[PDB]
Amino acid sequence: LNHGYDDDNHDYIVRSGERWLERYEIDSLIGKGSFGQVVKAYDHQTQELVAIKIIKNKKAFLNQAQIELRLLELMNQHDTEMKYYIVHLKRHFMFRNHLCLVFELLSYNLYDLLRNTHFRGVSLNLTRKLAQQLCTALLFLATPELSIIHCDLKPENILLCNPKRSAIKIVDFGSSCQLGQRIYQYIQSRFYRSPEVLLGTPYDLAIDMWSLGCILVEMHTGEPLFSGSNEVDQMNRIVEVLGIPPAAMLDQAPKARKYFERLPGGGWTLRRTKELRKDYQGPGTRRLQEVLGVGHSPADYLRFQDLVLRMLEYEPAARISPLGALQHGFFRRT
């Protein structure tokens, strides 16, 4: 607790109506997370609402947000069209021992959109609109000069610009890194965590595409595709849909043995611990066709499933690229 401004988690104690810097009036809490808090604030100088991300008062979180700041400014440097899929940082300042990042205020997040459907999912047409924008934001991050791995793609970090419009932007580069410059082994939110991160292998921009494949299914069905309770359970649920990962991946995977075991002359198989639910039927027995259930032709559903399976390829080299996804027949008349 610093002068009484911080709670026990080193989060700033948000008080509605408080005035900061004789400029910002705090209205309400938007969200909490590992990083800290996001608040809705009124900028009295410009007479506009903003969102303010208040980083936790910890050396570690302060240090990690230096990176997030640098990456946000990098993504704003040039006059590109693609950069407008990113919520852009208006400014940053220090306030009572907290680094504060000011963003344009958006309306709500993709989890809110799903809850408004009673978690039944959105139409295939809206899933398509959202997916093509998300693929484009990934194409942008893959630009060589950026080479940014978002590392925390998930519904909470995908915001709708306007309540009656399907435009989206992405937020939360607080765990992002650039290619090769990976600096954490336990990354991504668990439901959206890729096999290579689960397996401890070197990861690259493809981990975001894995997340995106998970998200598109959730958008359509209303529910997370792989809602694991821990990493072993996360692997188990992935394997139940997509089968055993390829031997070339498991052979070079430091944590292969956390989930899998070797059969003499039988390759790799899932370790059968008590973490496995009793009704578990085997690898690939929860077909994606049945998860999806029974612009909306049955051919459109088959194209959607095809795109999702290319996003959920185990081998990152084999997983569809942002450009490949954009050229996929799910989106394109040709």
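Numbers follow the displayed sequence, beginning with 1.
Count up the deposited residues without coordinates from residue 294 to residue 295 and drop the result into none, 1 to 3, 4 to 9, or 10 or more.
Missing in between: 10 or more residues.
As stated in the PDB record, which stretch has the larger average Cα B-factor, 180-188 or 120-128?
Comparing 180-188 with 120-128, the higher mean C-alpha B-factor belongs to 180-188.
On mean Cα temperature factor in this entry, is 271-279 or 24-32 the higher one?
Comparing 271-279 with 24-32, the higher mean C-alpha B-factor belongs to 271-279.
Can you tell me which of 81, 251, 204, 218 has the maximum CA B-factor listed in the PDB entry?
Highest CA B-factor of the listed options: 251.
Between 224, 155, 213, 264, which one tops the list for C-alpha B-factor in the PDB entry?
By C-alpha B-factor in the record, 264 ranks first.
Please place residue 51 in the lowest, middle or highest third of its chain by C-alpha B factor as given in the entry.
Tercile = lowest for this residue's CA B-factor.
Sorting the chain's CA B-factors, does residue 88 end up in the lowest, middle or highest third?
Ranked within chain, residue 88 CA B lands in the highest tercile.
Residue 320's Cα B-factor: lowest, middle or highest third of the chain?
Answer is lowest: the recorded C-alpha B-factor places it there.
Mind checking which third residue 305 falls in for C-alpha B-factor across the chain?
Lowest third, going by the recorded CA B-factors of the chain.
What third of its chain's C-alpha B-factors does residue 62 belong to: lowest, middle or highest?
Highest third, going by the recorded CA B-factors of the chain.
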